[PDB]
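Let me begin by presenting the structure, written as structure tokens, before commenting on it.
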Amino acid sequence: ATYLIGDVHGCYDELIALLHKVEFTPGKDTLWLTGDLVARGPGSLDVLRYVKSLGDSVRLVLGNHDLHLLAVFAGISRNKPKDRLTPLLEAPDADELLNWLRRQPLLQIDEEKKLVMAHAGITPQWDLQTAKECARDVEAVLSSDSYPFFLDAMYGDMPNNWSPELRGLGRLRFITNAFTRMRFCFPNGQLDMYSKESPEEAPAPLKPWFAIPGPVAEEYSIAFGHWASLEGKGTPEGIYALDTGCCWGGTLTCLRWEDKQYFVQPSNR
Ligand SMILES: [Mn+2]
Ligand SMILES: [Mn+2]
């Protein structure tokens with residue numbers, strides 16, 4: 001069976017409990033994780049240890065908190081007490097875990113299921129070929145010896161409009177923002193990097209990225225996490241918002257792909 005779980009955010013206990021609920025069995029089953037494995041929850045170290053141990057039985061995409069963790073590890077960015085990353089950063093296996101984490105994709109595609117996954121979703125300004133090239137380009141920098149320069153370069157809110165002519169720092173920044181920070185779009189597909197609220201509270205003319213017709217969403221289902229104020233609701237057919245805010249006292253949500261059956265694990269917080 002195929003299971004897809006939203007943002008874990010260090011909620012190791014809830015993750016294991018939900019997987020036991022569906023009797024997740026590596027070798028017979030595969031797990032898709034929407035990223036944001038770490039931060040805020042208390043168990044980031046245990047979560048990374050377990051997901052890494054799953055090997056080919058897990059298909060991960062990196063989220064913005066995974067990238068932030070990597071920026072803190074590399075000395076690029078300051079550690080915020082509230083993220084609760086210190087046990088992981090001080091672990092004897094921190095090197096093994098984070099060097100594994102930076103090698104994971106930003107984008108997962110299963111052609112037989114016609115299923116795409118990314119942390120924040122797919123901007124309507126990308127077709128599939130472009131999304132794949134963009135993921136490849138950022139994954140190559142993240143997996144290189146020089147990844148701390150990219151992590152330093154990634155911070156920023158501009159440019160917020162895609163063009164095949166983007167070059168250099170702006171190109172990587174847009175790609176990173178599109179995969180891991182996107183929520184709202186302007187009618188032209190342009191990214192808005194400030195509004196984090198539910199779509200009801202969003203100011204006009206902002207609309208969820210999934211409310212704008214785009215070539216990937218027209219051919220593929222898209223699963224994503226990240227947007228917790230969505231509470232997993234209000235999406236159109238074929239759009240699966242999996243982040244139900246477990247670290248926030250919400251719930252950890254698991255979707256079984258074969259029968260579209262949902263399983264939910266309450267926050268223990
Ligand atoms: Mn996120
Ligand atoms: Mn998140």
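Readers should treat all values here as calculations from the given coordinates under stated rules, not as data from a laboratory. Note that we place each Cβ from the backbone using ideal geometry, even for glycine, and neighbour counts take in every protein chain shown.
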Query raised in the report: By per-residue mean of other Cβ atoms within 10 Å, what is the highest-first order of 99-109, 164-174?
Result: 99-109, 164-174
Query - Cβ charges +1 (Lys, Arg) and -1 (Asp, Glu), total dipole of the chain, debye - result: 400 debye
Report task. Would you count, across segment 2-266, every pair of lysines whose alpha carbons are under 21 angstrom apart, provided the pair is eight or more residues apart or spans two chains? Result -> 16
**Report entry** Residues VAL58, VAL264 arranged by fewest to most Cβ contacts within 10 Å
**Finding:** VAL264, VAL58
Report summary line: Classified through the alpha carbon gyration tensor (a ≥ b ≥ c as square roots of its eigenvalues; rounded if a/c is under 1.5, else prolate when a/b is larger than b/c, else oblate), the chain comes out rounded
Report task. Select from segment 167-269 those GluC sites (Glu not before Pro) which occupy a DSSP coil region and have at most 10 other Cβ atoms within 10 Å, ordered by residue number. Result -> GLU200, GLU201, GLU237, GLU258
Requested in this report: Of the options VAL51, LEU97, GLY63, report the single residue whose Cα projects farthest towards the positive end of the charge dipole of segment 31-107 (beta-carbon charges: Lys, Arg +1; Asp, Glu -1).
Outcome: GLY63
Report summary line: Exposure-ranked with fewest Cβ neighbours within 10 Å first, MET193, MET158 stand as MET158, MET193
